[PDB]
Amino acid sequence: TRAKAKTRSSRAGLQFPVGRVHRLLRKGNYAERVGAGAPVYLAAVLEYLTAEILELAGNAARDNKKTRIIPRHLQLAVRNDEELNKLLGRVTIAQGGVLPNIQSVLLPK
Amino acid sequence: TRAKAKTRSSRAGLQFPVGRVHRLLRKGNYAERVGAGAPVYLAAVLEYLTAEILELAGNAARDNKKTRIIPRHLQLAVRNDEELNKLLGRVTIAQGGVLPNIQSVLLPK
Amino acid sequence: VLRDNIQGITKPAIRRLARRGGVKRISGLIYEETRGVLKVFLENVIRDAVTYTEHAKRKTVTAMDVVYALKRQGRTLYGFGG
Amino acid sequence: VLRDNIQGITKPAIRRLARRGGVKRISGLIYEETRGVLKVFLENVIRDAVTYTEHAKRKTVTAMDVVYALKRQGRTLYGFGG
Amino acid sequence: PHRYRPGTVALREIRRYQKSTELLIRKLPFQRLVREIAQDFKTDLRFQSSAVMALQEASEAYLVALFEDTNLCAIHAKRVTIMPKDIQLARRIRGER
Amino acid sequence: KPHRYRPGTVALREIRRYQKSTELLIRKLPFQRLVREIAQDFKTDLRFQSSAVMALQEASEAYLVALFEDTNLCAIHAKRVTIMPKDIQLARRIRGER
Amino acid sequence: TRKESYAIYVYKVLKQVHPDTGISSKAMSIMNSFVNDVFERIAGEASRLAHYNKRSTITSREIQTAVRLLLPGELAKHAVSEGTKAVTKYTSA
Amino acid sequence: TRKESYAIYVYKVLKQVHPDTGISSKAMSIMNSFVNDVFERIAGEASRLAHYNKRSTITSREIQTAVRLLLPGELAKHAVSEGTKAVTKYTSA
DNA sequence: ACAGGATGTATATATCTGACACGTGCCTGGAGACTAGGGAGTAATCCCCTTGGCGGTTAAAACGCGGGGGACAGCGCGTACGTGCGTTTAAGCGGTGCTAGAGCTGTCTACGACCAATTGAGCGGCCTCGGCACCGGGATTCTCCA
DNA sequence: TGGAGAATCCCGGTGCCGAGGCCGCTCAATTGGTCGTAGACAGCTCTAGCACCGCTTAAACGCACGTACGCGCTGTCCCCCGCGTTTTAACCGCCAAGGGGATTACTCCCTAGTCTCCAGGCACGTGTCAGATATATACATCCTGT
């Protein structure tokens with residue numbers, strides 16, 4: 001006579017898993033005990049960051065007249081922003097490239 | 001009818017404690033279990049490094065015609081060496097000072 | 001309320017710091033740059049120090065908070081507890 | 001036994017790298033410096049990679065060893081597992 | 001015949017190579033160099049296919065960044081050509097020396 | 001006529017003198033007032049221990065000395081003896097703080 | 001042999017943001033690495049923060065303080081708002 | 001309230017090296033901080049190394065590999081020799 | 001290239017004082033002696049993926065030559081920074097007083113770990129089609145010399 | 001300021017291989033209940049952080065003078081760039097053999113947990129000696145004139 005089942009993500013109204021995050025926290029040698037509210041917070045933060053990056057990358061991809069996302073678009077989206085460039089300051093992205101810029105002294109005149 | 005007691009440091013022939021290191025390892029959230037040979041190794045390494053630094057500092061202090069060690073002597077001993085300067089590359093020592101050097105271009109002639 | 005205290009870093013002190021650095025001649029526009037750099041550095045450290053203090057429900061800033069804040073940015077300090 | 005393979009980094013490749021860097025004119029003594037710098041960097045990474053491989057009692061170097069060795073020195077890499 | 005002034009093709013190449021995202025070094029010489037270097041630490045080693053690719057990616061990124069800093073140092077002294085002094089100064093300020 | 005020194009001797013003497021010692025080179029009360037004024041924005045009605053200010057001053061002075069050394073190197077690279085703000089900007093930009 | 005990743009949730013978020021847009025495998029690998037890196041950073045900072053105050057539990061306050069310490073600028077503000085809203089909604093039900 | 005430090009052992013080592021030489025309090029604080037820092041570094045590296053290989057124990061091999069990874073040059077060689085000798089002597093008795 | 005005067009600095013001697021080295025008492029954390037269970041070491045099997053060799057083709061590397069523009073040294077003019085002196089202003093020191101907040105007990109409850117039974121979400125394997133890479137031809141733009 | 005010419009851009013047609021969606025099933029997340037301790041709350045004590053006052057003197061401030069350094073201009077010459085030929089090795093398919101990286105079952109030795117107890121290490125006094133502070137002396141260095 002049980003009452004079926006409901007995932008904690010549905011209760012919290014999220015898309016990222018909560019039970020998996022709880023298990024990962026409990027088996028990572030971080031602390032002796034883990035509370036009941038930390039996984040929800042962590043999942044929400046991760047989902048927010050992912051959504052931000054994906055939106056910027058999709059804008060770049062549409063600007064280049066394509067319907068798929070490739071590492072070049074991610075590189076452009078990260079490097080053109082300010083806060084994201086601050087966050088990923090010492091990270092290398094494979095098959096990324098560089099931003100185009102030339103010093104003004106070298107230009108012909 | 002017990003057989004008295006003997007510290008593990010005496011068995012290992014060391015000066016640094018072993019039981020305290022074992023306790024610190026077991027309560028630091030590093031791993032689920034701790035072996036029986038790690039504390040001896042760690043204590044030996046720590047003692048060796050301490051002896052090296054102290055010898056160099058004492059040499060500097062005697063060179064300056066003193067019988068006590070002050071942070072200036074530690075700074076001189078660390079910075080004049082190569083391996084130690086490599087190890088403590090991003091550490092600030094209070095009341096230390098700097099090494100004396102002047103660029104050759106600035107000298108009068 | 002305090003205001004206009006950045007001017008307390010007089011030019012003789014900057015000259016002494018430059019002398020310990022090994023500088024021989026100094027231009028007349030270095031002092032404003034030095035003051036700005038120092039202000040930025042102090043703000044960056046103090047924000048984290050205050051955050052550490054506030055997490056523990058205290059009203060007094062201790063030395064361990066400063067030590068932790070300095071360590072978090074890659075500048076370890078020896079001599080004040082820790 | 002292999003020997004004298006540093007000469008396989010020809011000057012056209014260095015010129016292409018400089019072009020992507022944004023350089024317009026190049027002197028005639030840059031190539032030896034570039035080769036030395038590259039050799040030092042490769043030695044530093046490969047030593048730690050081999051140490052990681054040897055701890056696990058293996059005879060093949062995997063990509064995860066390289067990723068860990070790069071991460072330990074403050075150069076994180078995205079794209080190869082991890 | 002037709003000739004270009006010194007400096008036009010350089011700018012064209014700069015734009016061309018700043019637009020793309022490919023590798024700029026031949027693969028077999030790099031693999032041979034990696035194996036030769038690894039010979040000293042241990043004998044009779046074997047490599048997976050992707051480890052060499054990861055190493056090449058990291059090396060190329062490092063070199064490009066170093067060249068950018070060298071160009072800045074060269075410009076600071078009222079010049080257009082880069083010289084070894086610029087590389088040495090850039091490495092020394094960065095803390096690698 | 002009275003006695004005078006050529007421009008540049010006293011500078012070298014001061015360089016040696018200040019490279020020999022290990023003291024603090026900034027007055028204490030202005031630094032404490034500056035620290036309190038800066039901390040005012042983040043939270044109101046704060047109190048400080050006596051040693052926190054000392055730790056802050058130590059760190060600040062070490063940072064400034066290192067920066068000045070790098071600036072002097074950058075200035076020498078361009079065939080000059082006087083340091084100018086361009087050197088500070090270049091040193092900070094290469095180091096990665098900008 | 002079973003292997004775990006974050007592909008499904010990333011795809012769901014992408015379909016939420018841009019309804020008609022695909023993604024290749026290399027970008028998926030990059031996204032997976034990014035998520036793992038951020039997770040590790042936040043967890044380690046929270047663990048150290050809990051150790052300083054002589055506690056043996058990790059709660060929402062540690063996560064919030066770690067987020068404030070790590071992220072710069074407006075990202076911290078928006079992340080804090082999102083986390084607080086999520087926890088408040090979860091507790092009610 | 002009890003507080004722990006490494007003063008006694010540092011003093012013993014100093015008396016071993018230089019028989020007649022003192023030390024002030026500030027240098028003692030600096031030495032204490034140095035010892036704590038090195039301990040923390042080695043322990044963290046060993047913990048990560050054990051986690052990579054799917055083990056749940058820390059042994060002498062992890063400590064040795066961490067020492068080889070951390071220290072540069074001859075310091076690693078001499079430290080390895082000292083640790084091996086100490087363990088060998090301890091096991092016999 | 002020297003002589004000599006003027007200034008800054010290292011050396012040797014005599015008096016205080018407070019910080020460091022040592023002794024004593026007490027308590028709590030490390031050592032000795034057992035038991036119980038599961039993590040890791042060892043042997044055997046399977047099959048994937050790394051190393052080695054061969055032949056053909058065309059893209060990339062090496063070589064030589066002719067000019068032109070940029071790196072480098074020398075000279076001259078002007079102004080801004082270093083040195084020294086007299087006057088003004090807060091830093092530093094030694095007391096006194098007051099109270100806010102840090103640090104330590106004692107009681108109690110509600111929250112997280114642990115266990116047993118149940119089922120559905122996520123992973124591996126498989127097909128299928130359309131998004132992008134490639135080729136060919138025409139249009140537009142930028143550079144260089146009279 | 002005009003033409004020639006070389007490099008870049010735009011548009012349309014073919015084809016193939018990688019990304020998207022479906023199915024079976026099994027292992028990990030959910031539901032329900034028990035229990036013991038980690039942390040919340042109230043109260044009290046004594047330390048240390050803040051504010052005020054007077055005084056002596058060291059450091060900050062303002063001004064005048066003159067010299068050395070930063071900056072612009074000109075000329076000579078060499079070294080690097082752009083282009084056409086000839087030679088070398090990278091790249092792509094295809095085949096073959098075997099070393100070593102993943103699994104699975106069994107067993108045993110090493111580590112966690114508990115109780116007793118007793119020395120090593122910490123907090124608190126006490127005295128003396130190393131170092132700090134005056135004072136006279138002699139040696140070293142700089143700068144103008146000869």
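The sequence lines fix the lettering, A, B, ..., with proteins before strands; numbering per chain opens at 1. In what follows, every heavy atom counts, from backbone to side chain, and hydrogens, waters and symmetry copies are set aside.
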[X] atom [atom1], over 12 foreign heavy atoms within 6.0 Å:
| X | atom1 | value |
| --- | --- | --- |
| G:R68 | CZ | no |
| E:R94 | CZ | yes |
| C:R3 | CZ | no |
| G:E74 | CD | no |
| F:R6 | CZ | no |

Would you check if [X] and [Y] make a side-chain contact, meaning some heavy-atom pair closer than 4.5 Å?
| X | Y | result |
| --- | --- | --- |
| C:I30 | F:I88 | yes |
| C:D65 | C:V50 | no |
| C:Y31 | C:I9 | no |
| G:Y90 | A:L14 | no |
| B:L88 | H:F34 | yes |
| G:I58 | A:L25 | no |
| C:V61 | F:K43 | no |
| F:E14 | F:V10 | yes |

Main chain of [Y], side chain of [X]: is a donor-acceptor contact present, judged purely on distance under 3.5 Å?
| X | Y | result |
| --- | --- | --- |
| C:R58 | C:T60 | yes |
| C:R19 | F:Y18 | no |
| G:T91 | G:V87 | yes |
| G:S47 | G:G44 | no |
| E:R92 | E:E96 | no |
| H:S24 | B:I69 | yes |
| C:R20 | F:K20 | no |

To the nearest 0.5 Å, what is the distance between [atom1] on [X] and [atom2] on [Y]?
| X | Y | atom1 | atom2 | value |
| --- | --- | --- | --- | --- |
| B:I93 | F:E58 | CD1 | CD | 11.5 Å |
| C:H55 | G:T65 | NE2 | OG1 | 5.0 Å |
| E:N71 | A:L106 | CG | CG | 6.5 Å |
| F:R47 | C:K59 | CZ | NZ | 9.5 Å |
| G:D37 | G:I42 | CG | CD1 | 10.0 Å |
| F:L34 | C:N5 | CG | CG | 6.5 Å |

- Message: Quick one, F:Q89 with C:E33, criterion side chain to side chain contact (heavy atoms under 4.5 Å, CB included). Give me CA distance, side-chain angles, the key distance, then yes/no.
- Response: CA-CA 9 Å; F:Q89 300 177 1; C:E33 298 277 332; 4.1 Å; yes

- Query: For B:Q75 and B:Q95, what are the C-alpha separation, side-chain angles and deciding distance, and is it a side chain to side chain donor-acceptor pair (under 3.5 Å)?
  - Reply: CA-CA 9 Å; B:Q75 170 80 354; B:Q95 294 291 298; over 6 Å; no

- Query: Yes or no on side chain to side chain donor-acceptor pair (under 3.5 Å) for H:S5 and H:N32, after CA distance, side-chain angles and deciding distance?
  - Reply: CA-CA 7 Å; H:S5 59; H:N32 206 31; 5.1 Å; no

- Message: Test side chain to side chain contact (heavy atoms under 4.5 Å, CB included) on F:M54 and F:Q57; report intermediate values, then the result.
- Response: CA-CA 5 Å; F:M54 299 284 94; F:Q57 190 163 357; 3.9 Å; yes

If you take all heavy atoms of [X] and [Y], which pair is closest and at what distance?
| X | Y | value |
| --- | --- | --- |
| C:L70 | C:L77 | CD1-CD2, 4.2 Å |
| G:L49 | G:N53 | O-OD1, 3.3 Å |
| C:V23 | F:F68 | CG2-O, 4.4 Å |
| G:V80 | A:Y41 | O-OH, 3.7 Å |
| B:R72 | B:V98 | NH1-O, 3.3 Å |
| A:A31 | B:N29 | CA-ND2, 4.2 Å |

- Axial cation check for C:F80 ring with H:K26, 6.0 Å and 45° limits: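 Here H:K26 passes the 6.0 Å and 45° test against C:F80.
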
- For side chain to side chain contact (heavy atoms under 4.5 Å, CB included), just list the numbers for G:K89 and A:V40, CA-CA rounded to whole Å, side-chain angles, deciding distance to a tenth of an Å, and then say yes or no. CA-CA 10 Å; G:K89 189 179 188 306; A:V40 191; over 6 Å; no

- Going through the checks in order, is the salt bridge (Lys or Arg N to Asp or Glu O under 4.0 Å) test met by G:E82 and G:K85? CA-CA 5 Å; G:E82 294 283 60; G:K85 179 181 60 180; 3.1 Å; yes

- Query: Which residue pairs pass the salt bridge (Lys or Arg N to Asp or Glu O under 4.0 Å) test when at least one of the two sits in residues 69-82 of chain C, sequence neighbours left out?
  - Reply: C:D48-C:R72

- Working for side chain to side chain contact (heavy atoms under 4.5 Å, CB included), residues A:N80 and A:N85: CA-CA 8 Å; A:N80 272 322; A:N85 186 29; over 6 Å; no

- For G:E45, what residues pass the salt bridge (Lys or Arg N to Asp or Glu O under 4.0 Å) criterion, not counting sequence neighbours? G:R48

- Task: Give me the ring orientation class for C:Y68 and C:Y52: parallel if the planes are under 30° apart, tilted from 30 to 60°, perpendicular past 60°.
- Result: tilted

- Please lay out, stage by stage, how C:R35 and C:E32 fare under the test salt bridge (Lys or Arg N to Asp or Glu O under 4.0 Å). CA-CA 5 Å; C:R35 296 192 178 103; C:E32 301 294 336; 3.5 Å; yes

- Task: Report the C-alpha distance between G:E62 and G:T59 in whole Å, list the side-chain angles of each, state the deciding distance to 0.1 Å, and finish with yes or no for side chain to side chain donor-acceptor pair (under 3.5 Å).
- Result: CA-CA 6 Å; G:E62 282 76 9; G:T59 58; 2.5 Å; yes

- Item | Side chains of H:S33 and H:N36, donor plus acceptor under 3.5 Å |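 There is no such pair (donor and acceptor under 3.5 Å, judged by atom type) between the side chains of H:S33 and H:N36.
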
